[PDB]
Each structure stands twice: as C-alpha cells, then as structure tokens.
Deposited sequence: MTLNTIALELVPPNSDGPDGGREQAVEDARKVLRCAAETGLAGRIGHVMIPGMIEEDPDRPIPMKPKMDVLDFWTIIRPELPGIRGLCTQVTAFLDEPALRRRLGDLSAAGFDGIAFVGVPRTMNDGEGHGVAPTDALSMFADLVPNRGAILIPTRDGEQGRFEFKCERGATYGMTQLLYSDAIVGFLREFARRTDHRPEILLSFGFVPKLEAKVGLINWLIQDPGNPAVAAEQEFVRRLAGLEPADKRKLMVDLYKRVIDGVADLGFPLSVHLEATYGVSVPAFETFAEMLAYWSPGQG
C-alpha cells in the first residue's frame, strides 16, 4: 500500500543549452515553496513523473523534447529529500530483457510504483497490461490507468487487475463517476487495488487553452460531457469559488468511496503548472481527508 500523496511533476523541456537541468531544479524548489506557503510542508510522499505526454494533433506549435524520467529524477532527488518516486512508462519499445533492465534502474533510483502506458496518438516490445506481472519484485507497485467514465471499463479494469495491477491511477476526476464505478466494481469482483485518486487544479487559463478539456474528452460519452462542462465552469469562476467547488467534489468522491474497501491515495495535478493557488486548493482538500 502506497497510502501517499503524489504530486504530478512533468519533466522540463530539454531543448535548451543545459538540457533543462536548471529548470528541473527550480521546479523541485517551487514545489517545496508552494507546499510550505500553503501549510503542506512534508506532506507530499511521492512525485508522479509521466513517461508519456498525450500529443494533440491540432496544437499549432509542436511539443519540445522532454527530459527522460530518470534523468529528471536524478536532478530533483537531492532537492526533494524524503520524497519517493512514481512514474508512467511506455513499454512498447522494450522487450522483456530491456524491461527488466529499466525496472531495475527505476527500482534502484527509488521508485515505488510504475504504471505502464501506451504511445501518443501520432506515434508508432511488451504490451502495458502484459508488463504488469513481469519481474514483479522490481518496483512492486504496478499501476493501471483507470478511466471510470470509459465504456467497458468494468471488464477492462477487472482484466488488468487479473493480470497483476496492484493500484489504479485514475484519469483526472471532475465528477463522482468514480464512486459508482468502484461500488459496482466492488460488488462484481473481489479485486481491491489501491486507487490513486487524481484531482487536477483548473486555472482561468483553461478557458483559453482548453488543455484539460481535451485531455478528458470522450466524444459521444454524456458522462464526460458533464465533466467537461464542470471544468469549463470552474475555469471561469473567481479563485475562491473554484476552490470551493473542487473541495466539494473532493468531499463527494472521498465520502462516496470511503466505505467501498479500496485503499486510497491522492494524486494532485496542476496541468498548467504548480502554483500557490493550486496548492491552496490542494491544502483544503487534504484538510478534509488525507491518506
């Protein structure tokens, strides 16, 4: 059981003369600063470093290269004493021996959990679900991605638990759909993976860029339609009003799943960047319930 507060920390752009090293150091320090200014010093137990970033084909300016998960971790680990590592890992370009070597490298560096994921839309090894069960003593927390609104997620997530998933890291949660999912999942199955509950701060910039709106989109799915409308509302609200709405949602989710039998961790995300306003919302969420 992780039983932790994980912060999403995206590696910096490596296109510059220094490869993003100084940017990585300022990122780690800004995380500690925001936590300190909001009353959450020492509360974060893990950083969640994504090894894959969804690419939107319709973004005009292509995404600059990013640091490797492990290169990024090597720089920020001295800056984040006591905090452990989580990550996502693309497995499509790793055969079983190469997967063994990567798992060993991550395990040695101090990663507790790893979620295997696929490649972006615009991109061309072991399948993520087949990797869950391989070399299970290395990075023993093996994660699957859970999207409770997705069609057929019940049988999909159930099969991933069969195949060795020990925790589920959810897509960003902007409704209480996770409550109905886990209730039905606990009714149908004995599987009780730890659920890493993902909550993402929404700033006013979402109203212009629409990044989060795109990340969660699911055309035709009315449940996601409701969530996108919730995100669009949040983005236009004044800072205090949106903090209350996200905290209320947080309470509905925690209160909805608290008696279902799944171990709970919390996954904090700030899609547009770590900020003090983001951590002001995080703090009030964790003040209601915290792992």
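- Missing from the model, relative to the deposited sequence, are the ranges 1, 126 to 130, 298 to 300.
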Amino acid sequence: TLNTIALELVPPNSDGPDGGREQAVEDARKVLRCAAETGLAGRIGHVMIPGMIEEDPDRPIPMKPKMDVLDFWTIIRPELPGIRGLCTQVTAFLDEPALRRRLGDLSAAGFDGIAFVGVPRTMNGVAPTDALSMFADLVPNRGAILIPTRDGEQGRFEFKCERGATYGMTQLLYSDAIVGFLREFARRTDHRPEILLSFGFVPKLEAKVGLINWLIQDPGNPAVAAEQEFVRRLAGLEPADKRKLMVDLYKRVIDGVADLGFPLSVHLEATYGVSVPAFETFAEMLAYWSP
From here on, numbers count along this sequence of modelled residues.
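- The deposited model assigns a higher average Cα B-factor to 65 to 73 than to the other stretch when 65 to 73 and 260 to 268 are compared.
- Comparing the deposited coordinates for 9 to 17 and 275 to 283, the stretch with the larger average C-alpha B-factor is 9 to 17.
- Sorting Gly155, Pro97, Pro128, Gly164 by the CA temperature factor given in the entry leaves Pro97 at the top.
- Annotation for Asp218, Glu194, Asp176, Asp190: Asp218 ranks highest, by Cα B-factor.
- Ranked against the other modelled residues of its chain, the C-alpha B-factor of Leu211 as given in the entry falls in the middle third.
- Ranked by Cα temperature factor within the chain, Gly82 sits in the middle third according to the deposited record.
- In the PDB entry, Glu238 places in the highest third of its chain by CA B-factor.
- When the CA B factors of the chain's modelled residues are split into thirds, the value for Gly39 lands in the middle one.
- Annotation for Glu227: CA B-factor lies in the lowest third of the chain's modelled residues.
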